[PDB]
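Since the structure comes first, as C-alpha cells, the remarks are kept for the end.
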Amino acid sequence: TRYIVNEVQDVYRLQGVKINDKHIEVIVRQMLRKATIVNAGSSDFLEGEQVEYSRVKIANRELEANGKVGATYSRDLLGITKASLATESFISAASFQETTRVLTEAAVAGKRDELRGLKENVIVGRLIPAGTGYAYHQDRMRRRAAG
Amino acid sequence: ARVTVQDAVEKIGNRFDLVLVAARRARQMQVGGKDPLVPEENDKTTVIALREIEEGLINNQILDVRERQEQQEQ
Amino acid sequence: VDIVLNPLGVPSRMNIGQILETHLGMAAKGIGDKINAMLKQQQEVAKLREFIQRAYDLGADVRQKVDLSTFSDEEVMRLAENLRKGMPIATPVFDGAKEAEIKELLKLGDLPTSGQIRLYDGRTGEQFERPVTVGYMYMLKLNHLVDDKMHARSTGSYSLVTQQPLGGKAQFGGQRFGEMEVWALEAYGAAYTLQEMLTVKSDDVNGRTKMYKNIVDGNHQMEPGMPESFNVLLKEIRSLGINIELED
Amino acid sequence: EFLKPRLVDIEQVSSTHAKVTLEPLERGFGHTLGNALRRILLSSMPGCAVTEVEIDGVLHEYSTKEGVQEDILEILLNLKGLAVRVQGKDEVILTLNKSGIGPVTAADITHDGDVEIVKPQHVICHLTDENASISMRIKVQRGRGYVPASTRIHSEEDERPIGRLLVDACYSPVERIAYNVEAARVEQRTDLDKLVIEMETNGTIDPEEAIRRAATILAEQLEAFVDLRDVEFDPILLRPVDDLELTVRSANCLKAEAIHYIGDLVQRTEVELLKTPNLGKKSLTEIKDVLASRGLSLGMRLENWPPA
Amino acid sequence: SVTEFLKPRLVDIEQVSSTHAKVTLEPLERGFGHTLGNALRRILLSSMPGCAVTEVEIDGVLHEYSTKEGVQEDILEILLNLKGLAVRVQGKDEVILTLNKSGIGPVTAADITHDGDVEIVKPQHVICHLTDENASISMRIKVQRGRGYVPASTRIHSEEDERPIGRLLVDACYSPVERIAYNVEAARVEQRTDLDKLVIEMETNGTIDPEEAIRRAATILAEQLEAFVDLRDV
Amino acid sequence: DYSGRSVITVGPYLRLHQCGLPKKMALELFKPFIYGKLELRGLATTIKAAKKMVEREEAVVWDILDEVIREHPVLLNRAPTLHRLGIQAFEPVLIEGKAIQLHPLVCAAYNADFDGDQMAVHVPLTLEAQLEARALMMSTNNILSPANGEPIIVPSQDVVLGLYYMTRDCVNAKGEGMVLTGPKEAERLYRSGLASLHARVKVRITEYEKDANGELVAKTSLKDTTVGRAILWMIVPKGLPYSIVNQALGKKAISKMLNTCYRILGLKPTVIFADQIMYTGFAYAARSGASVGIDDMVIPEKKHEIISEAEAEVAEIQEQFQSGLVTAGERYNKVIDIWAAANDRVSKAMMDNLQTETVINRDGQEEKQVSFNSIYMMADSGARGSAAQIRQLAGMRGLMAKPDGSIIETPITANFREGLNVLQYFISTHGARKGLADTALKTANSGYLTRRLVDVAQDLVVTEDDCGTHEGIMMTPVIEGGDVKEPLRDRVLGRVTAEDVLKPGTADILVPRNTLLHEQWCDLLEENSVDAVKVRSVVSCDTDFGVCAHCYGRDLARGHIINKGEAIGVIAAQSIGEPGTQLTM
Amino acid sequence: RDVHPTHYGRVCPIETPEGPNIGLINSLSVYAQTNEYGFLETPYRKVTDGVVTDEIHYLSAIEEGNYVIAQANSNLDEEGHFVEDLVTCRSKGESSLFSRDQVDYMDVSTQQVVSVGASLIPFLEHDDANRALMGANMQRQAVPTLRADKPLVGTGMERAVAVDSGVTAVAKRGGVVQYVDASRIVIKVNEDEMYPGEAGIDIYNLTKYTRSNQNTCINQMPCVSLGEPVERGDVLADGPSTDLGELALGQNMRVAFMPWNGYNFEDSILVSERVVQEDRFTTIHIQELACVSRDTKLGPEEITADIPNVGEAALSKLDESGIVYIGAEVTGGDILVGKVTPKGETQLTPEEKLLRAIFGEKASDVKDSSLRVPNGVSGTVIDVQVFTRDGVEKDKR
RNA sequence: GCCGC
Ligand SMILES: [Mg+2]
Ligand SMILES: [Zn+2]
C-alpha cells in the first residue's frame with residue numbers, strides 16, 4: 001500500500017493536484033481480496049477464494065475445539081479490471097465488461113446474486129443499502145434472519 | 001424558510017436519520033391527522049418538520065410513543 | 001458605452017489583438033467623428049478635402065498612395081459622406097499597423113494616445129479610479145439561441161421498448177440521467193431521489209400513473225415498482241439457452 | 001440656510017443642441033441635482049413616435065414595391081426616425097401621397113391641423129420611374145419609453161387587417177446628456193458652484209420644459225420620503241342546495257345533516273355519508289346521479305369554506 | 001398614462017434599538033431606486049447641520065505628542081473619545097464646556113459642567129480613564145455647529161499656531177449620521193416585472209432618529225427644486 | 001420525466017442557496033402540482049378544467065405557480081459529471097427570460113463558465129426526495145471538497161481582484177496617519193472621498209476571542225491599517241482576528257479565512273460570510289475601474305542587449321564548430337543551454353521592471369512600492385494569469401518545438417505585444433496542434449479509468465462504528481533527497497491514532513490512542529518534534545464486507561467523523577478520477 | 001493530424017475542427033493550387049544573382065525543399081536587392097541564416113501561410129495560434145443582421161471574399177444604369193463593346209427574402225441609384241452580410257474593458273438597451289412548411305376551405321381554396337392549408353342515416369388532416385407555392 | 001457536420 005500510494009501520488013503532486021491518501025488506500029483494499037489457499041482441513045485446498053470468507057470460516061473453526069482445522073492462506077493482488085470481474089455477484093461484472101464471458105460461467109455454475117451491492121440494486125430498482133437507504137436494508141436483514 | 005439544517009442535524013446527529021424522521025413528520029402533517037407544534041409561517045410541511053426537529057420537540061422516539069398512545073386510545 | 005467586457009479574459013488567453021483592434025477602432029471612429037463635425041457646419045470643400053488627404057497619407061511608408069487632387073469635387077463630398085461614421089482602416093495579416101502608427105492616428109483624431117479615457121458610473125455619477133480603455137470592436141451574433149435551446153418536459157410519449165421516455169427536443173423528450181449522474185447520487189447518499197429517478201418517472205408503467213395521481217391529490221408518495229427494462233432483459237436472456245429467475 | 005438654484009442663462013446652440021445653467025448651488029449639491037437630472041431626463045421624458053403604417057399595395061414588411069428603390073423594411077426603419085410634435089392629440093394620422101421622381105420626405109406629408117415636422121428634409125423613400133406613386137397612412141402616438149411592437153398585445157384585442165406596418169416606438173426625444181459643475185462667479189460668497197447641462201435631442205421637446213418636467217418628477221417622487229411615517233370560487237359551487245331537484249326524502253336528510261350549499265356536499269365521501277340515518281342505498285345513487293350530470297363527483301377537497 | 005408614475009406604498013421600516021433603522025420602499029419605476037438612494041445618501045453623508053466638538057484645550061503640554069502626565073490613555077485616544085461625543089446645542093453657534101476630575105475613576109460625559117443650553121445624549125460616554133493616581137485633570141472643550149464632515153486639514157485661524165494649539169485640530173463630524181447604505185432589489189407589481197425595491201439602512205449618533213434624518217434630507221432636497229417645481233405645480 | 005435544459009447566465013444578486021429558473025420552464029416542470037393546487041382551491045372542479053386553464057395561462061395560474069415554487073428545491077446538473085458536485089440542489093427563483101441564472105460561487109465546482117454551457121433541471125416530487133435535496137445536496141451543505149477537505153466554493157476572478165485592490169497600501173494618498181473612531185467612519189470618509197483604501201490610517205478597532213470556553217471576549221485596540229482594510233472588517237464575523245484582513249487577500253488569504261471561519265464558527269456563518277465577500281468584492285472591483293491597455297505590457301529596455309549578446313554566443317560557438325573541434329551534439333546542447341539562459345535573464349529583467357514599477361514620492365524625498373499595474377495586479381492577486389503567461393506577453397516567447405519532441409535551435413525572441421513572424425507563428429502552430437489533439441484524445445483514457453475504479457470500488461460502505469483492531473500504518477513526511485513536499489500534518493490530519501504518540505521525553509505521551517487528530521491535536525504535535533505517527537487505515541480494518549468508521553478518518557466534506565452508511569468507494573473513485581483530464585499524459 | 005513542414009503554403013495551420021476531426025479536415029491556403037497529377041503547389045518569386053525577379057514559379061513540396069526560399073518580410077531595395085546581406089530562409093524543413101545570393105526563391109506574400117477565413121483576423125500575429133483557431137471557426141457561424149455594417153478595422157480581404165462568393169450581383173458587361181428598383185436593375189451597355197445585331201441591354205433580377213440551408217434569410221439590395229456609370233466587374237447589389245461589396249458579418253460596438261458588478265463574470269457580456277432599441281443584432285429567420293394531397297383507398301384527398309367540426313375562427317385566415325392569406329400572421333396551431341381525407345363506410349346505420357339527415361351529406365365522415373403551424377412557431381405568410389398535377393383541376397389560388 | 005467540456 002505504501003508503494004502504491006507513494007507512486008500514484010508522485011504523478012498527482014507533480015502536476016499540483018491534492019488528493020487525500022485515504023481514497024487511494026480504499027482502492028488498494030479492493031485490490032487485496034481473493035486470497036489463495038496453501039493448506040486444508042476446512043473444505044479449502046489450493047484455490048482462489050474471498051479473504052472475508054476465509055477469516056469468517058477460520059474464526060468459526062478456531063472457535064470450536066478443532067483449532068488446527070483453520071487453513072493458512074496467501075493473499076493475492078489483482079488489477080482493478082481483474083478484481084471487478086471476480087466479484088461474487090454475477091449481475092454486476094456483467095454490466096461492466098463482457099456479458100457473454102460472465103453469463104456463460106454463471107449459467108454453468110448456477111450461482112445467485114443476492115443483491116448486496118449498489119450496482120445490483122440500481123439495476124433492479126430498489127433503494128441502495130447506503131445513505132438514507134442503509135436503514136431500510138438493515139431492517140429487512142433482521143426479518144430474513146428472524147424468518 | 002431554513003437555508004441550513006445544521007441545527008436539525010445536530011439535534012439527532014446522523015444527517016441520514018433526520019431526513020427520514022422529517023419525512024415521517026411531514027407525512028403526518030400532510031396526509032392528515034396532525035397539526036404543527038410550531039407556528040406556521042406560510043411555509044411547506046417539509047420545513048415545518050425541520051423547524052420542529054430544530055426546536056427539540058420532535059424526534060424518532062416521540063413519533064414511536066405518540067403513535068403508541070394514539071393506538072391505545074383507539 | 002454599448003458593451004462592457006471583462007479584462008480578466010485577455011491576459012490568460014493571450015488575446016492581444018482584442019486590445020489593438022479596440023484602439024484602432026477608437027482612432028477610426030475619431031477620424032469619422034471629425035469628418036462628421038466638419039460636415040455638420042457645412043464647411044467648404046477645400047479644407048475638408050485637405051483633412052481627408054492628411055488622414056489618408058498618414059503612416060510609416062505605406063504602399064497605398066491616394067491623392068484627392070485627381071478626385072472630382074462632387075466625388076470628394078460623396079466619399080466624405082460615406083466615411084462620415086468612421087474611416088475603414090485595413091491592416092494585412094502579418095504586415096500591418098504598428099503601435100506608433102495607431103498612436104499618431106489617435107493624435108490626428110484628437111484622442112488620448114494611451115487609448116484610455118475617464119469614465120463615470122451611470123448609477124452614482126462618480127468617476128472610476130483608474131482610466132478605462134474605450135474603443136470600437138467588431139462583434140458577431142452566432143447561431144446559438146436559447147429559444148432553439150430551451151426545453152422542459154413533465155410527461156409525454158415513451159419508447160415501446162424499455163417503456164422509457166423519448167430523447168431530444170422536437171420530440172418532447174426527457175433529459176438522460178446517465179451513469180455518472182447515478183454515481184453522484186450514490187456518493188451523496190440520496191437513495192430515495194435515485195429510486196424515484198430509476199423507477200417511476202422513467203420506466204415503471206403503473207408507478208408513473210400512480211405517482212401522477214398522488215401528486216394531483218397532493219400526497220407525494222412514490223409507491224415504487226419494477227422497471228420494464230429489467231423485464232425486457234430477463235426475456236432477452238431467456239431467449240438464449242440460459243434460464244434466469246427471481247427467487248423468493 | 002441653503003441657497004436655491006435659479007434657472008438662468010439658457011442658451012441654444014443648434015435646433016437640437018442646447019445648454020442650461022443653474023447658477024447658485026451649494027458645495028455638494030451640484031452633482032446631487034445633476035446626476036439625478038441626467039437619469040430622469042434620459043429615462044422618462046414624453047414624446048411622439050410612429051406606431052403603425054398602412055401602405056397601399058404592401059400588406060407586410062418582407063415585400064417590395066415596384067418603382068420604389070427601397071424595401072418596405074427600410075421604409076419602416078426610416079419612418080421610425082421621423083420626429084413630430086403634435087398638440088392636443090395623441091393619435092394623429094399623417095396621410096402622405098407623392099407620385100413622380102426623387103426621394104420622398106416628411107416635407108410632402110399632408111399638412112395636418114396641429115402637427116409640426118421638425119426637420120422636413122428627412123428622406124423616407126425614393127421613386128425611380130415617372131409612372132409610380134406612393135400613398136401611405138402613418139399613425140403617431142404619444143408615450144414615454146421604449147415599447148416594442150411584439151411586446152404589446154392589447155392592440156390585438158380588435159383584429160387588425162392584413163396590411164398593417166407597425167414599428168417599434170421609442171417615444172424618447174432625448175439622445176445625449178452631459179453635465180458639468182463649475183465655480184460660480186459670485187465673489188461675495190466664499191465658494192459656490194454652477195451646473196451646466198448640455199442636452200442633444202430630436203427637436204421635439206424644449207430644454208427648459210424638459211428641465212421643469214424632470215424636476216417635477218423628482219419632487220413627486222421625493223414626496224414619499226418627506227413623511228415616511230408608517231411605524232370555493234367556481235360558480236357551480238356556493239349555489240343553493242335546492243338546485244339539484246332532489247327527492248323529498250333527501251330534502252329533510254340534507255337539512256338534518258346541515259347541507260345547505262353545493263360545495264359542502266361534494267366534500268362528503270360515500271362511506272361516511274351512508275352512516276347518515278335513513279339515507280338509502282338507492283337514494284344515495286340518486287344524489288350521485290344528479291351531481292354526476294353536473295360533473296361533480298363526491299369526495300372533492302376544498303381548502304377554505306366561506307359562509308356565503 | 002403619461003405624466004403618471006408609480007408611487008411607493010406600504011413602505012416597511014424596521015427599527016433596531018434606537019439608533020439603527022431599516023426602511024423598505026416598494027414599488028418604484030425602473031432606475032428610480034438608484035436615483036433616490038444616491039441623492040439621499042449623498043446629501044445625508046455630506047450636507048446636514050449639526051453640532052460637534054472641534055477644539056480641545058488640556059492643561060499641561062500643548063504639543064500634539066505629549067507625555068499625558070500619566071493619564072493612562074494617550075492624548076490621541078483622548079481626542080478620539082471627544083470626537084465621538086454627541087451634543088445638542090440649543091440656540092448657540094458655539095459654546096465652550098469645561099470638565100475637571102480628581103480621584104481614581106473613569107471620566108464620563110456626565111462629568112462635564114452643567115449648561116442649560118447644551119444637552120449630552122450619552123452621559124456614560126467615557127472620555128479618559130483615571131491616571132491611577134490621586135491626580136487632577138482639567139479640560140476645556142468647545143462645541144460648534146456646522147455641516148457635513150470637515151477633516152482637520154489645517155486651522156488657518158488667528159495667527160501662527162495660536163489657534164491650532166487652542167483648537168488642537170479635532171476632526172469635526174457635524175452631520176448626525178454614522179452610516180448610510182442602500183440596496184436596490186427586484187420587485188414586481190401586477191404584470192410588470194422590471195420595478196425597483198429600495199432598502200435603506202442608516203445608523204445615527206443618537207442626537208436624531210434615523211427616520212427623522214431621512215425626513216430632513218428629503219425635505220432639503222425637495223426645497224432645492226422649488227425654483228423649477230413652483231410654476232409647474234399640480 | 002420532469003426534466004429541462006437551457007443556457008446558463010450569471011446571477012450576482014443571487015443567494016448561495018438560490019438559482020434563477022425561467023418561468024416558462026416552470027408551469028411545465030410543475031404541471032401536476034399546479035393541477036392539484038387549481039383543483040384544491042376551487043378554481044377548477046374537473047381535471048379537464050384545470051388543464052384548459054393551464055393551457056390558456058391566465059394570471060391566477062401564475063399566482064398558483066409561484067406558491068408551487070415557494071418551497072420546493074430543484075437540481076441542476078452539468079453534462080460531464082466527474083464528481084457529485086456535478087449536480088447541486090437549489091431553491092428556484094422565477095425569472096422572466098429563457099436562461100438559467102447560476103450563482104458565481106458554484107461555477108468552479110461545476111467547472112462551468114458563461115460562454116455557451118447548458119445545464120439540466122430535475123424536480124424531486126417526493127417528501128423523501130425533497131428532504132434529501134435540502135439536507136444532502138444543497139449548495140450551502142457541500143462547501144468543503146470531499147477529496148482534500150479544502151473549500152471548493154471560494155471567491156475567484158473579479159471577487160479576488162476587488163478584495164485585492166481594496167486591501168492595498170500607497171505611500172502617499174489622501175489621508176495619512178488619520179485617526180478614526182470606527183470602520184464605518186472610514187467607510188463614510190471613503191464614500192466622501194476623505195478616506196482612501198490605498199491610504200494607510202489608524203482607526204479604533206475591537207476583536208472577539210473564543211479562548212474563553214464557549215464565550216467570545218471583546219478586545220478594543222487602536223491599530224495601524226488602511227481605509228479599505230477597515231471597511232472590509234465590517235463584513236467579518238465575530239471571533240476572527242483582525243490580522244486576517246491586514247493583508248493583500250491574494251486569493252489564498254481568502255480561502256484561508258473561509259477555512260478558518262468554517263473551523264472556528266460553523267456552517268451558517270461561513271455561508272453568510274461567503275455571500276457578503278462575493279458582494280463586496282464585486283462592488284469594489286467595479287468601483288476600481290480596472291482596464292487592460294497596450295501600455296500595460298512593458299518590455300524591458302535591456303531585452304535587445306541580451307538578444308544581441310546571445311546572437312554573439314551562437315555565432316562564436318558555430319565558428320568553433322566550423323573550425324572542427326566541436327561535434328554536432330556539443331554545439332546543439334550548448335546553443336540550447338545559452339538560449340535558455342538568455343530567456344531566463346530577460347524574463348527576470350521583465351519581472352523586476354514590472355514588479356516595483358511605481359516609484360512614488362513620499363512626505364519626504366521619494367520611495368518605491370509595489371506597482372499598481374493592472375496586469376501585474378491580475379497576476380499577483382491570483383485572479384487570472386501567471387508568470388509564464390506574462391513572460392510570453394512582455395518577454396521572449398521562448399524555446400519550444402513539438403514536431404517529434406525535439407527543440408528548434410533558434411527560439412522565438414518576440415512576445416505577443418510585438419508581432420510574430422510568419423516562421424515563428426508556423427513554429428508555434430506545432431505545439432498548439434499537439435496540445436489541442438492531446439486534449440481531445442486523453443479524455444477517453446481518463447473516462448475508462450474512472451469507470452474501472454468506480455466498478456471496482458462501488459461495494460464499499462461504512463458498516464461499523466469501531467472494529468477495535470490495533471493494526472495501523474506509519475506516517476512520515478514526504479522528504480525527497482534534501483527537499484520536502486508533504487509535512488506530517490497534511491498526511492496525518494483527520495486520522496485516528498493506532499498507537500499512543502510519545503514525545504522525545506520517554507514515558508511521556510502527548511496524545512491518547514484511537515483518537516481522531518484535528519487542527520488542535522495537529523498543532524499540539526507540531527509544537528513538539530514528533531516525526532512518525534501510527535494511524536489506522538482501511539487496509540487493516542479487520543471488518544469483512546465493509547469498513548469501520550474509525551479505520552476511516554473524518555470525511556473530507558465535513559469536519560466530523562464519518563457516519564455509517566456512507567458509500568466511501570464511490571467517493572474515492574470519483575476523487576481519484578476527477579483529475580486526469582488535466583494530467584499531461 | 002499534426003502540422004507538417006510541407007504544409008507551409010498549401011494548407012493553413014490554423015483552420016481545423018476541434019474535437020474528433022482535428023487535423024483531418026483542412027483548408028487551402030489563399031494562394032495554393034493543385035498539380036495536374038494532383039499535388040498541392042505554392043507560388044514563389046525567382047531570384048537571379050542578388051536581385052529578385054517578378055517572374056513567379058509554382059513549386060510542389062519536393063520542389064520547394066530543393067531550393068533555398070527567402071522569407072516574405074525581408075527588406076528589398078529599389079533595384080530589388082536585399083537591404084541586409086544575411087537573410088532568413090528555409091533550406092530543407094529547417095530555417096537559418098543564408099547570404100542573399102544563396103536564396104533562389106522568395107515568399108510571394110506573408111498571407112501565403114494563412115487561410116482566407118484566417119486572413120480576415122486583424123492583428124492575427126498578436127493572437128495565440130490555438131486561440132486564433134477558435135476565432136476563425138467562430139467567424140463562420142455568424143448570422144447576417146437586419147442591416148450590414150462594414151468592419152472599421154479590416155485586413156483588405158473582405159472585397160475578394162464578398163465578390164468571389166457569388167453572393168452579390170456583379171456587372172458582367174456594365175455600361176450605364178438605366179432603371180433601378182428593389183427587385184430589378186437594368187443597365188444600358190456601352191456602345192464601345194457590343195454584339196452586332198439586336199443591340200442588347202443587361203437585366204439583373206435581385207434576389208429578395210429567401211430561405212437558406214440554415215433557415216436564415218438571403219436578400220439582395222441595390223447599390224446604384226440612377227444614371228450611374230458602371231464598369232466591368234462593379235458590384236450592383238450586395239447580398240446577405242455585405243456592405244458596398246465588402247464582407248460585413250457583424251457590427252461595430254463601443255466597448256469598455258472593465259468589471260461591472262459581476263455581470264460580466266467569466267465570459268458574460270453586459271449589453272446596453274440602446275443596442276436592442278436600434279435593432280442591431282436582429283435577424284430574420286425563414287421556415288418552410290409543406291402539405292401534399294394523395295389518392296387513398298377511401299378516395300382522393302381534397303384541399304378545401306370548408307372543414308368539418310371546426311369553428312369559423314380557424315377559417316378566418318383561409319382563402320376560398322383553403323390556404324392562409326399572403327401576409328397573415330400565424331401563431332400556435334393555426335391552420336395553414338385545409339385538407340380532408342375520406343373515410344371508409346358502406347353500411348348506412350339508421351343513426352348514421354339520421355346523422356346524415358340532420359347534418360351535411362358527409363356528416364363529418366371525412367377526417368381532418370390539415371397543415372397546422374407547429375407549437376412554438378410564430379410566422380407571417382410570405383410565399384405560397386401551389387403545384388398541381390397534370391389533368392386535375394387547377395387550384396383557384 | 002456542429003456545440004460544451
Ligand atoms: Mg464554456
Ligand atoms: Zn476498522
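Order of the sequence lines sets the chain letters (A, B, ...), proteins ahead of strands, with each chain counted from 1.
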Report task. Determine the interplanar angle of the F:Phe114 and G:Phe265 rings, folded into 0 to 90°, and report it as parallel if under 30°, tilted if 30 to 60°, perpendicular if over 60°. Result -> tilted
**Report entry** Strand contacts (RNA chain H) in residues 577-585 of chain F, 4.0 angstrom heavy-atom criterion
**Finding:** none
Report summary line: G:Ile22 atom CD1 is separated from H:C2 atom P, nearest whole Å, by 11 Å
Query raised in the report: Out of H:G1, H:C3, H:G4, which has the shortest distance to the side chain of G:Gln141?
Result: H:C3
**Report entry** F:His103/F:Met278 under side-chain contact (heavy atoms from CB on, under 4.5 Å): CA gap, chis, key distance, verdict
**Finding:** CA-CA 10 Å; F:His103 194 102; F:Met278 166 208 117; 3.3 Å; yes
Query raised in the report: G:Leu24 CG to H:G1 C1': how many Å, rounded?
Result: 14 Å
Report summary line: When G:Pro20 and F:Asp115 are each assigned the nearest nucleotide of RNA chain H, the 5'-most assignment goes to G:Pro20
Query raised in the report: When you look at C:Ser12 and F:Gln389, which way does the side chain to side chain donor-acceptor pair (under 3.5 Å) test go after all the steps?
Result: CA-CA 7 Å; C:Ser12 179; F:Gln389 303 180 0; 3.2 Å; yes
Requested in this report: Mind listing the closest non-hydrogen atom pair of F:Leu102 and F:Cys107 along with its distance?
Outcome: CD2-SG, 4.1 Å
Report task. Rounded to the nearest angstrom, tell me the gap between atom CG in F:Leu436 and atom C1' in H:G4. Result -> 15 Å
Requested in this report: Report the nucleotide, chosen from H:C3, H:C5, H:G1, that has the shortest atom-to-atom distance to any side-chain atom of F:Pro80.
Outcome: H:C5
Report task. Starting from P on H:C5, measure out to CG on F:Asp113 and report it in whole angstrom. Result -> 6 Å
Report task. Let me know the distance between CG of G:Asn137 and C1' of H:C2, rounded to the nearest Å. Result -> 10 Å
Report task. Calculate the interatomic distance between G:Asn21 atom CG and H:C2 atom P; express it in whole Å. Result -> 6 Å
Query raised in the report: G:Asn213 CG to H:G1 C1': how many Å, rounded?
Result: 13 Å
Query raised in the report: Does C:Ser159 reach the main-chain N or O of C:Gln164 with its side chain, forming a donor-acceptor pair under 3.5 Å?
Result: yes
Query - Qualifying side chain to side chain donor-acceptor pair (under 3.5 Å) pairs, either residue in residues 576-585 of chain F, two or more places apart - result: A:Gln15-F:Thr584
Query raised in the report: Can C:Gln175 and F:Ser3 be counted as having a side-chain donor-acceptor contact under 3.5 angstrom?
Result: no
Report summary line: Whole-Å distance, C:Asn143 CG to H:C3 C1', equals 12 Å
